[PDB]
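Just one chain is shown here, as structure tokens, and it is the form deposited in one PDB entry.
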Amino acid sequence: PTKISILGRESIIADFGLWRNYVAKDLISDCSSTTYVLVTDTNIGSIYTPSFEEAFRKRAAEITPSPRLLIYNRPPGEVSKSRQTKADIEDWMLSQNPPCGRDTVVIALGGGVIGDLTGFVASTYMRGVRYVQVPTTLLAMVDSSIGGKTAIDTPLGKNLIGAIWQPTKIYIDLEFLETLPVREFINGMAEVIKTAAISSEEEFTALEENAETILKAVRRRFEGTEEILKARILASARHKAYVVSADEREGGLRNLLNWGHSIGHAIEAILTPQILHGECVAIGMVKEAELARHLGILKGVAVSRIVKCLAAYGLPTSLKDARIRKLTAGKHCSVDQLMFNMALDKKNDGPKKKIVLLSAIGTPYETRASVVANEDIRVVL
């Protein structure tokens, strides 16, 4: 299995088949506990927990007293990133017989909705317990399972309450992608694309060249696209791990991972749950690249490559994309609404709105988000 260090810990392990062959034993040996709590959603639990339940019994066969594996199946989708579902999980763990205690090892089996919600549960449970990430979506493998950011949403916006809590293990198993719906694979590509745009022209170029091939494999899995798939995923995870190790708590550099997200999160607060995170970030990347162009920092040629590359992977580049309009029931994303939502962006320095600006594909303007005047933002909205 491939390993990636983050924050001085060898916590990322990647290999096809980890969930079938490695995770249970590795939990029993490196995350020794009497109590394991597996959190997942109802779309994937019945597909993927049966095998693990069996792997667990076998791995725990010579441990005495016998440890227990307890399972919580949450509703799928963004609506589960809420105060209520966080409380519900907590209440159920506390209600176990005996209750789940400080030795508990929590296992986030799912995409970024389950990872963000479960990692936040683990961060405050009795003041904190160990957890691991088992990313099952492309988005989670390339971005959300890595780095420790956890959160829930409130009615005002995205991820406003949460905590930075690092997982003890991050198991990346590409076999999960075999059952991942087409729209979700495409949704995840927005974060892959973003990560390349903030770090490498060559990696961005590889993504452009690979689009047709990958998309055909996705809509037809991946036997014939296996090496390119692995390389684009590893390039995203490794860059993210670099940035986080240098700036875990976002005093500067980690701002860069939020490219596309100042306008993207402002759109998402309105368009969720009908439109996905990556879809919202794609429109946010286009607008924020348009803003950099407006400010003279980014070349028009660069804005066109960003637009085309997102479109080549099937992502939306406009709030008026017809696939978006078929799903949103006439929702409005007016300029005033979007500005109000951007005042809740966590990167803001007091009332100064801070947005990531690119100076070229692969190169950020600054090693942090920049302050941008409200009037300039209003132009691209």
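All residue numbers refer to positions in the sequence shown, first residue = 1.
Visitor: What about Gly330, is it left unmodelled in a third or more of the other PDB entries we looked at?
Guide: Comparison shows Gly330 kept in all of the other entries.
Visitor: Counting the other entries of this protein, is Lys346 left out in at least a third of them?
Guide: Yes, a third or more of the compared structures omit it.
Visitor: Can you tell me how many deposited residues have no coordinates between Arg220 and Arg221? The categories are none, 1 to 3, 4 to 9, and 10 or more.
Guide: The entry has a gap there, with 4 to 9 residues left out between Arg220 and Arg221.
Visitor: Tell me which of 56 to 64 and 341 to 349 has the higher mean C-alpha B-factor in the deposited entry.
Guide: Result of the comparison: 56 to 64.
Visitor: Mean CA temperature factor from the deposited coordinates, higher in 198 to 206 or in 113 to 121?
Guide: Higher mean C-alpha B-factor in the PDB entry: 198 to 206.
Visitor: Could you check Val132, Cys280, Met189, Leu229 and tell me which one carries the biggest Cα B-factor in the deposited entry?
Guide: Checking the PDB record, the top C-alpha B-factor among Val132, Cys280, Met189, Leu229 is at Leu229.
Visitor: Choose from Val39, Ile44, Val335, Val356 the residue with the greatest Cα B-factor as stated in the PDB record.
Guide: Highest C-alpha B-factor among the listed options: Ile44.
Visitor: Lowest, middle or highest third: where is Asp88 by Cα B-factor in its chain?
Guide: According to the entry, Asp88 has a C-alpha B-factor in the chain's lowest third.
Visitor: Taking the chain's C-alpha temperature factors as the reference, tell me which third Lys240 falls into: lowest, middle or highest.
Guide: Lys240: CA B-factor falls in the middle third of its chain.
Visitor: Going by the recorded CA B-factors, say which third of the chain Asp153 sits in, lowest, middle or highest.
Guide: Within its chain, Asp153 is a lowest-third residue by C-alpha B-factor, going by the deposited values.
Visitor: Divide the modelled residues of the chain into thirds by Cα B-factor and specify which third, lowest, middle or highest, holds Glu178.
Guide: For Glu178, whose C-alpha B-factor we compare with every modelled residue in the chain, the answer is the highest third.
Visitor: Would you mind ranking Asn97 by its C-alpha B-factor against the rest of the chain and naming the third, lowest, middle or highest?
Guide: For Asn97, the deposited C-alpha B-factor lands in the highest third.
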